[PDB]
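Report on the structure given below.
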Amino acid sequence: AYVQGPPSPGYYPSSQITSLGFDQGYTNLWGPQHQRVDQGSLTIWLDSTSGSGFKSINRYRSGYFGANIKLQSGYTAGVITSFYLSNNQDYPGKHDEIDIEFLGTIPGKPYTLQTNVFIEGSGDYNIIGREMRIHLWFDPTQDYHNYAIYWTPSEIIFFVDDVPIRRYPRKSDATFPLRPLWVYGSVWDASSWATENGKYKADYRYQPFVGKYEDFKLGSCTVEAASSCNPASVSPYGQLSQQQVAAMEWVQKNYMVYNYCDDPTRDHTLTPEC
């Protein structure tokens, strides 16, 4: 027997980008007493009194946005730990968003990592989901792992431990986030839908529900940076390499459990990028 994991992507974007402490990139947004920073490493938590959430100091037009994150073991049903980009504070009610959400779980069921994209109101009222869900090839509670959202005017790529798990190419303006975004993370009670579509809900006997984040990476361009600013490289030459694509195909073949484009109950005319 040997340790079966994804094939090497042959390039490690996270390693080429300077790790930052929380305070160099972010501030608390809400629930400030449910956040603490220890030598740049962030601990945030949910209990029956409050969750917590943080927001980037700067607003961005493109970049690689990452962190090392560690989740909580045991019963965590209903609770979401997030790392995402959004501009709902700038375009309230008709916003763009790019999500990584760890959907809480029950003992004996693995965590689900959900990726999502919302554009120009598709996530505001009449919600048009663009979800892909995977399980992970490791236990995300036993150590910190790298997670990232890479976003440029041509593509969005989601990464786990420098392995791309999803690419969302720009196919049309209407289906692609083209406006500035801030970076956020949070831990909150999503009992309505998070765990088996709401079958298992938050049980605060198991509180607090803790998320840990460190080694923040912001290989990114602020909105008004010089036009010469480029986001961190996702490969040595540009574009995903064959090795990167192979690792992504391996993840999707072996770990993907939901893809909106493949769901026969979804009206795919609303998501023409499929």
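What follows draws every value from the coordinates through simple rules; no lab data is involved. When we count neighbours, we look across all protein chains shown, and the Cβ atoms used for this are built from the backbone with ideal geometry, even at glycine.
Yes or no: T115 part of a strand (DSSP E or B) and either among the β-branched types (V, I, T) or without any contact (Cβ under 8 Å) to a residue 60 or more places away in the chain (or both)? Yes, satisfied.
Is it true that some residue in the range 84-95 is in a loop (DSSP other than H, G, I, E, B), out of contact with any strand residue (DSSP E or B) (no Cβ under 7 Å at 6 or more places or on another chain), among the hydroxyl-bearing types (S, T, Y) and under 20 Å from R130 (Cβ atoms)? Yes, some residue in the range 84-95 is in a loop (DSSP other than H, G, I, E, B), out of contact with any strand residue (DSSP E or B) (no Cβ under 7 Å at 6 or more places or on another chain), among the hydroxyl-bearing types (S, T, Y) and under 20 Å from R130 (Cβ atoms).
A quick yes/no check of all residues on (1) of a type in the set (V, I, T); (2) in a strand (DSSP E or B):
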site	(1), (2)
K201	no, no
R205	no, no
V210	yes, yes
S220	no, yes
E224	no, no
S235	no, no
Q239	no, no
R266	no, no
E273	no, no
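The rows are residues; the columns are (1) of a type in the set (G, A, S); (2) touching a helix residue (DSSP H, G or I) at 6+ places or on another chain (Cβ under 9 Å); (3) closer than 19 Å to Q72 by Cβ.
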site: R167; (1), (2), (3): no, yes, no
site: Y206; (1), (2), (3): no, no, yes
site: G211; (1), (2), (3): yes, no, yes
site: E224; (1), (2), (3): no, no, no
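For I106, are the conditions met, namely being surrounded by fewer than 18 Cβ atoms within 10 Å (Cβ to Cβ), under 20 Å from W188 (Cβ atoms), without any contact (Cβ under 8 Å) to a residue 12 or more places away in the chain and over 18 Å from the mean Cα position of the chain (by Cα)? Explain how you work it out, then say what you get.
Working: surrounded by fewer than 18 Cβ atoms within 10 Å (Cβ to Cβ): yes; under 20 Å from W188 (Cβ atoms): yes; without any contact (Cβ under 8 Å) to a residue 12 or more places away in the chain: no; over 18 Å from the mean Cα position of the chain (by Cα): yes.
So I106 fails the test.
Here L178 passes the criteria (1) crowded, with 17+ Cβ neighbours inside 10 Å; (2) among the aliphatic types (A, V, I, L, M); (3) out of contact with any strand residue (DSSP E or B) (no Cβ under 7 Å at 6 or more places or on another chain) except the one numbered (1).
Residue-by-condition table, conditions (1) touching a helix residue (DSSP H, G or I) at 6+ places or on another chain (Cβ under 7 Å); (2) surrounded by fewer than 20 Cβ atoms within 10 Å (Cβ to Cβ); (3) part of a strand (DSSP E or B):
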{"site": "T18", "(1), (2), (3)": "no, yes, no"}
{"site": "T27", "(1), (2), (3)": "no, yes, yes"}
{"site": "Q33", "(1), (2), (3)": "no, yes, no"}
{"site": "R36", "(1), (2), (3)": "no, yes, yes"}
{"site": "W45", "(1), (2), (3)": "yes, no, yes"}
{"site": "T49", "(1), (2), (3)": "no, yes, no"}
{"site": "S56", "(1), (2), (3)": "yes, no, yes"}
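Residue by residue, here is whether (1) within 18 Å of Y255 (Cβ to Cβ); (2) in contact with a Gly (Cβ under 7 Å, 6 or more places away or on another chain); (3) buried (at least 18 other Cβ atoms within 10 Å of the Cβ); (4) not hydrophobic (A, V, I, L, M, F, W, C) holds:
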| residue | (1), (2), (3), (4) |
| --- | --- |
| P92 | no, no, no, yes |
| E97 | no, yes, yes, yes |
| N116 | yes, yes, yes, yes |
| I127 | no, no, no, no |
| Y147 | yes, yes, yes, yes |
| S154 | no, no, no, yes |
| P169 | no, no, no, yes |
| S172 | no, no, no, yes |
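Can you find a residue in the range 61-78 that is surrounded by fewer than 17 Cβ atoms within 10 Å (Cβ to Cβ) and basic (K, R)? Walk me through how you get there before you give the answer.
Narrowing the range 61-78 to residues surrounded by fewer than 17 Cβ atoms within 10 Å (Cβ to Cβ): 73-74.
Next, only the ones that are basic (K, R) stay: none.
Checked the range 61-78: no residue is surrounded by fewer than 17 Cβ atoms within 10 Å (Cβ to Cβ) and basic (K, R).
I'd like the full set of residues that are small (G, A, S), over 19 Å from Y147 (Cα atoms) and in contact (Cβ under 8 Å) with a residue 60 or more places away in the chain, limited to the range 16-50. I'd like the intermediate steps shown before the answer.
Initial filter on the range 16-50 (small (G, A, S)): 19, 21, 25, 31, 40-41, 48, 50.
In the following step, the residues that additionally are over 19 Å from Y147 (Cα atoms) were identified as 31, 48, 50.
Result: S48, single match.
The requirement of being among the aliphatic types (A, V, I, L, M), touching a residue at least 40 places away in the same chain (Cβ under 8 Å) and in contact with a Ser or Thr (Cβ under 8 Å, 6 or more places away or on another chain) is not satisfied by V234.
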